[PDB]
Amino acid sequence: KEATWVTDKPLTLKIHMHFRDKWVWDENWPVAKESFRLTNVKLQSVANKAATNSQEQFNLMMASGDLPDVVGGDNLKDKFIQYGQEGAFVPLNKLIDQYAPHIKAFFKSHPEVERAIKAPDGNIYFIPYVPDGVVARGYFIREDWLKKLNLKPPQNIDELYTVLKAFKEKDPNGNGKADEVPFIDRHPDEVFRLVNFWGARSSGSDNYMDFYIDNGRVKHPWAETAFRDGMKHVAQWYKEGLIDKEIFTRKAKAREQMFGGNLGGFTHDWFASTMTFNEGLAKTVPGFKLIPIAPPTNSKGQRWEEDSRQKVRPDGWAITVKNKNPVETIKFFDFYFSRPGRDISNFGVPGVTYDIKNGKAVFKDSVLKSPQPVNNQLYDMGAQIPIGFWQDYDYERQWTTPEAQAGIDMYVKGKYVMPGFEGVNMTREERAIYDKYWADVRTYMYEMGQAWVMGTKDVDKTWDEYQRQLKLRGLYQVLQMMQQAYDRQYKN
Ligand SMILES: [Ca+2]
């Protein structure tokens with residue numbers, strides 16, 4: 001027996017958790033075993049480990065006719081809310097008040113987070129993944145290449161173009177071939193964020209293609225003329241080969257592949273993990289050195305960092321109506337907002353990945369010296385995964401090098417990080433319009449955007465066509481619903 005046990009008799013719950021198009025909950029995970037040891041609750045995966053489309057698996061599971069006990073994963077907020085209201089998940093409000101003191105206390109001190117996850121009917125249908133941090137992504141460039149070519153870090157978009165063209169044409173890796181790929185990114189969506197360099201927003205938050213507020217008006221970045229003009233530049237950069245030809249398909253291991261193969265020279269990614277490649281590639285890519293740089297001033301005269309750490313992500317887990325043990329389950333969820341639970345969900349397993357020293361979790365030297373980023377190491381063990389848990393930034397601080405820290409501090413002091421969109425509180429009727437049209441609009445936008453970047457469709461020649469589609473697909477009605485919600489909260 002442990003003080004953290006939520007039940008006297010071992011309880012096994014079925015969980016469908018497929019996330020980030022690559023992982024599934026694994027009961028054999030070191031962290032999964034430790035979770036069971038500490039709570040007396042075991043989670044058995046019913047997900048398809050071989051599947052590569054997390055959202056697709058959620059959809060299939062919901063129509064299986066055999067719902068599990070718990071459902072978890074990334075980017076499921078909208079589905080937890082919609083399906084919760086439709087009767088697939090139980091509301092957690094009262095369960096929390098009565099049996100989840102840590103979560104209750106957390107929501108009391110973070111009322112904004114609680115309001116953000118609530119459905120129009122006022123119910124909480126899932127416990128979210130709460131990030132801890134301030135900044136998210138930043139710009140990184142190859143300083144070793146700048147030195148070889150006698151170039152200075154680019155201070156504005158004109159200089160950035162010049163530098164990237166030099167990386168492309170001056171053989172900085174020295175193999176006598178034009179194989180360098182200036183800009184690379186493990187997140188395809190970052191290619192669109194490049195429009196920031198021409199004064200156009202690409203998203204209102206850390207969630208790609210998100211809405212934003214401009215002087216009290218709800219807008220979608222991809223619907224504005226500034227985006228049209230910015231995309232013409234991005235398309236030109238792709239045509240000139242300054243952008244990875246495979247930017248839309250490389251994905252996940254783009255850094256390992258492109259930096260490891262000494263081809264990439266510039267990216268927009270997270271400070272902690274991106275800086276790990278300097279030590280990680282020290283042997284395989286002699287001289288490799290990425291440095292963080294302030295966002296080059298855009299064409300309009302402003303330095304922009306559009307990304308920021310979210311107060312709460314659209315990830316987490318919920319209790320299905322078929323779960324016969326809702327009380328034990330909410331207590332289990334509560335464990336992840338308590339210090340003991342935050343320890344394993346953030347650091348792994350004691351005696352394996354960390355040890356308690358001076359009363360706090362400290363990563364072992366083996367973990368800190370590994371060439372693989374600490375978060376990547378933890379994913380494979382069941383830690384830093386998108387379940388409902390309270391992230392602890394000290395886990396990240398421990399593997400954030402002085403160089404990475406100097407970059408973070410530079411961005412904070414420079415005030416480059418743009419305030420993120422926190423969302424609006426729609427009524428049931430308003431959100432119904434959102435559920436009806438948004439997913440469709442978003443997919444269409446992405447498909448048109450990819451065509452524009454790859455040059456298969458002309459931005460100017462198809463802009464009016466694109467606008468007609470946005471209207472008949474309901475984007476403007478969605479914006480209207482959101483404007484009404486915004487006004488109820490901030491105006492009148
Ligand atoms: Ca070369």
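Numbering of residues begins at 1 and proceeds along the displayed sequence. In listed order, ligands and their atoms are each counted from 1.
Relative to the ring axis of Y379, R20 places its NZ or CZ within 45° and under 6.0 Å from the centre. In this structure, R201 forms a cation-pi arrangement with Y212, its terminal cationic atom sitting closer than 6.0 Å to the ring centre and no more than 45° off the ring axis. For the pair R255 and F259, the cation-pi criterion (under 6.0 Å, within 45° of the ring axis) is not fulfilled.
Using a cut-off of 3.0 Å, one finds that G176 contributes no N/O/S atom close to the Ca ion (ligand 1).
Computed with the Ca ion (ligand 1) at the centre, the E180 OE2 to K177 O angle is 130°, stated to 10 degrees.
Ring geometry, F167 versus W145: the interplanar angle exceeds 60°, so the pair is classed perpendicular (tilted spans 30 to 60°).
Closest to the Ca ion (ligand 1) among the N, O or S atoms of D179 is OD1. Here the N, O or S atom of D171 that is nearest to the Ca ion (ligand 1) is OD1.
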